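Cβ placement follows ideal geometry from the backbone for every residue including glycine, while neighbour counts extend to all protein chains displayed. Each value in this text was obtained by applying a stated rule to the coordinates, not by laboratory testing.
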Amino acid sequence: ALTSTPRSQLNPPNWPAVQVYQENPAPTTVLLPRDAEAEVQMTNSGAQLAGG
Amino acid sequence: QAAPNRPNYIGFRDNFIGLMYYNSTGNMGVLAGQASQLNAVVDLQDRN
């Protein structure tokens, strides 16, 4: 009574979506290195880039 | 008659210029961080 989910068909063949443990981690914060909205202007000025 | 052979000094080049080659792109060296592997050295073909 404390633990099991109250259901009619014990041993069901197809479990529902909500009664199964899901996996919801944190939203992956991605650090973009170099925003290219002003970086493609730097190369078109003539400076070739390197490093990084 | 015998004349001595013409003297020749097969030594290294001055300053070993020609032992190592950058500034001929393709087979040039890189200097990059380990985490990134993007070189800080790219050459131009016409740059001595």
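Tabulated values for the structure
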{"read-out": "For B:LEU38, residues with placed amide H under 5 Å, excluding near neighbours", "value": "B:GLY33"}
{"read-out": "Shielding of B:33-40 by partner chains, average beta-carbon count, 10 Å", "value": "2"}
{"read-out": "Size descriptor, Kirkwood hydrodynamic radius, that averages inverse alpha-carbon separations across chain A, Å", "value": "17.3 Å"}
{"read-out": "Dipole-positive endmost among A:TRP15, A:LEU32, A:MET42 within the protein assembly as shown (Cβ charges, Cα centre)", "value": "A:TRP15"}
{"read-out": "Extension gain, A:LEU32 back to A:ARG7 (0.36 nm per residue minus Cα-Cα distance, nm)", "value": "4.2 nm"}
{"read-out": "Estimated vicinal HN-Hα couplings, Hz - segment A:44-52 in sequence order (Karplus 6.51, -1.76, 1.60; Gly, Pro = x)", "value": "5, 5, x, 7, 7, 9, 7, x, x"}
{"read-out": "Contour minus Cα-Cα distance for B:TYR22 and B:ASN5 (0.36 nm per residue)", "value": "2.4 nm"}
{"read-out": "Stokes-Einstein D in µm²/s, Kirkwood radius over Cα pairs - chain B at 10 °C with 1.306 mPa s viscosity", "value": "110 µm²/s"}
{"read-out": "Table column - 3J(HN,Hα) (Hz), segment A:8-20, Karplus curve with 6.51, -1.76, 1.60, x for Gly and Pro", "value": "7, 6, 5, 6, x, x, 9, 6, x, 6, 7, 8, 10"}
{"read-out": "Sequence of B:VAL42, B:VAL30, A:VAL18 once ranked by neighbouring C-beta atoms within 10 Å, starting from the fewest", "value": "A:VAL18, B:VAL30, B:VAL42"}
{"read-out": "Per-residue ³J(HN,Hα) for segment B:14-29, Karplus 6.51 cos²θ - 1.76 cosθ + 1.60, θ = phi - 60°, Hz, x for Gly and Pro", "value": "3, 6, 6, 6, x, 5, 10, 10, 9, 6, 9, 5, x, 6, 10, x"}
{"read-out": "Computed log₁₀ I(q)/I(0) - Debye formula, equal Cα scatterers, no solvent, the protein assembly as shown, q 0.17, 0.18 Å⁻¹", "value": "-1.05, -1.10"}
